[PDB]
Amino acid sequence: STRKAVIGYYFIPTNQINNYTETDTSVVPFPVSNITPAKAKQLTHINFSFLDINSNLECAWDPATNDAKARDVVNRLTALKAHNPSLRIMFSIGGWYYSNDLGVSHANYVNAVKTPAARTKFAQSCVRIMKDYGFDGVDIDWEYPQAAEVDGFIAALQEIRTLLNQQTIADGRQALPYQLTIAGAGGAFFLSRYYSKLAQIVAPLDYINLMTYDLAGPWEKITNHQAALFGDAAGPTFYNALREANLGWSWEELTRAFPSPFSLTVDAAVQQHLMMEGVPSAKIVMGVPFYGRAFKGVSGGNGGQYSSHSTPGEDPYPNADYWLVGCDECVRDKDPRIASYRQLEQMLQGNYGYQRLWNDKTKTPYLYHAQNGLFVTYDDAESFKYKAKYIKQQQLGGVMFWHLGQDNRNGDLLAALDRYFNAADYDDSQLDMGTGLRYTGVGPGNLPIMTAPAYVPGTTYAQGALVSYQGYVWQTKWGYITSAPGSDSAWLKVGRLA
Ligand SMILES: C#CCO[C@@H]1[C@@H](C)[C@H](OC(=O)NCCCCCCCNC(=N)NC(=O)NC)[C@@H](C)C(=O)O[C@H](CC)[C@@](C)(O)[C@@H]2OC(C)(C)O[C@H]([C@@H]2C)[C@H](C)C[C@@]1(C)O
């Protein structure tokens, strides 16, 4: 019973920093003061976002940033630590806008990690920004290094870790050591870019915060849940790209690890991490969305699930038709495709025509607007019970979420996560996790415990025979085999001894 991490992004754009105020929500909708002492206590980390990498290949604020206002906002966050001596204010470098393959700063990420000298300079800039502004650690949210750049990225994290460790010693911060995290891919297509080197990536980290949300969106042909915990056989499935990663595994090893097609769920991403040797469950943090994704143009029959739709994917949103009925924040932000949980409660409570439905396979809620043909996929305090139960059962490190401003005013989502993990009186021992589709892949990092008769030399084993030998349970790939398990290619390591 180590405390689960509870990691909340605090995102504030440059224009809001530069006009920062705590008394006008039309300029800053979500000021630091909305994070009350009670919320501060429920959080373990706050990820201040986003810093960038500049063309000097250093960690830097957006250069339009007013530095005194920036320091002041950051000081308000670090003052929160007075209510909670476990609390850290991290900062994040990257995000989609800055760091995506076509993002505005993308070449800076590539070049910052490309060579030994560039990495030294970058790493030093991170620690220096951390100490100058009073942050408690470094989060990297590069979406995403491509297979060629992965060795540099790894080396960059290793170097940052060493510098963080020096800093923790210099400041005598062993009670709350400076930390290093990344925001990891939560679906196999991006994950496949660095999957083969996952143990190396995770080794220098305190946590890898899986972005296990945005698993559906307007870029797909068919509506779906953006953060299904388990799979729905009625729903779409996807090619498992991990089976083409450069792993050096055999056909049978790849097949047993990477079923395809597969359901793109939270459970899949988590298992895909656990399958790798050297990736410990305690370092894996499950991301959850504090917002819904909305689609229009959907047909009926199944609550708007798994339907074609007409939601534009362009960015910025390409006209002024704000068709997400009742969503006032969408008008403010000029995009009807995303609604905060905060806004969604209001849409459901007003006379706007939505029903709240529940998929008992995915263990996630959804809104359906029968009259206009709208579907919204989001998470709430109910879906979080199952996700928290899963976090406990799988011995994950905790939960991360984007983002704090999207909680409702009383902070019920955060409170709920804090309760499912820490409340003495909350009991989920009978919470039924459903018959949704589990990801069944097995790999070297997550072998099940098994028993079988001991291997006997001289015996002819038929295809599919199971024996135990030198700590493991092995299975013949064909028959008849007589070789000692592990000595040639005929035997598959399927389990570990009892
Ligand atoms: C101008 C523009 C946007 O362009 C998109 C296109 C670029 C899409 O852009 C958008 O959806 N924009 C909104 C993005 C939300 C941010 C959150 C992401 C997660 N990050 C986080 N949530 N991070 C986080 O929480 N961090 C803590 C993008 C998601 C996408 O799928 O791009 C794919 C790459 C796999 C392309 C580039 O190949 C894309 O694929 C498809 C879907 C077939 O579309 C075409 C092109 C070819 C098309 C030409 C480009 C668009 C229209 O699809």
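Chain A uses Swiss-Prot numbers throughout; the residues present, in order, are 2-499.
For this deposited structure, the header notes the method as X-ray crystallography, 2.3 Å.
Keep in mind that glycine also has a Cβ here, set from the backbone N, Cα and C atoms.
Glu144 (active site, proton donor) falls within neither a helix nor a strand when secondary structure is assigned with DSSP, and so counts as coil. Feature annotation from Swiss-Prot assigns active site, proton donor to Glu144; the stated evidence is sequence analysis.
All chains included, 29 other C-beta atoms sit within 10 angstroms of the C-beta of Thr213 (chitin binding site). In the three-state DSSP reading, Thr213 (chitin binding site) counts as coil. If you look up Swiss-Prot, you'll see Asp68, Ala69, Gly95, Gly96, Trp97, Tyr98, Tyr145, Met212, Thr213, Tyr214, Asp215, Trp403 marked as chitin binding site, on the strength of sequence analysis.
The domain 'GH18' annotation in Swiss-Prot covers 42-425.
Residues annotated as domain 'Chitin-binding type-3' in Swiss-Prot: 438-498.
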| request: Among all chains shown, work out which of the binding-site residues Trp97, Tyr145 has the most CB atoms within 10 A of its CB. | output: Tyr145
| remark: Filtered by Cβ distance under 6 Å to ligand 1, the binding-site residues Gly95, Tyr145, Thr213 reduce to none
| Of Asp68, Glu144, which of the recorded positions has the most Cβ neighbours inside 10 Å? | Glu144
| said: As a quick check of your reading of DSSP, tell me how many residues in the domain 'Chitin-binding type-3' (438-498) are helical, how many are strand and how many are coil. | reply: 0 helix, 22 strand, 39 coil
| message | Measuring Cα to Cα, how many Å separate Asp68 (chitin binding site) from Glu144 (active site, proton donor)? | response | 26
| field | Same chain, 6+ residues apart, C-beta under 8 Å of the C-beta of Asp215 (chitin binding site), given in sequence order | value | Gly187, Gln227, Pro290, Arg294
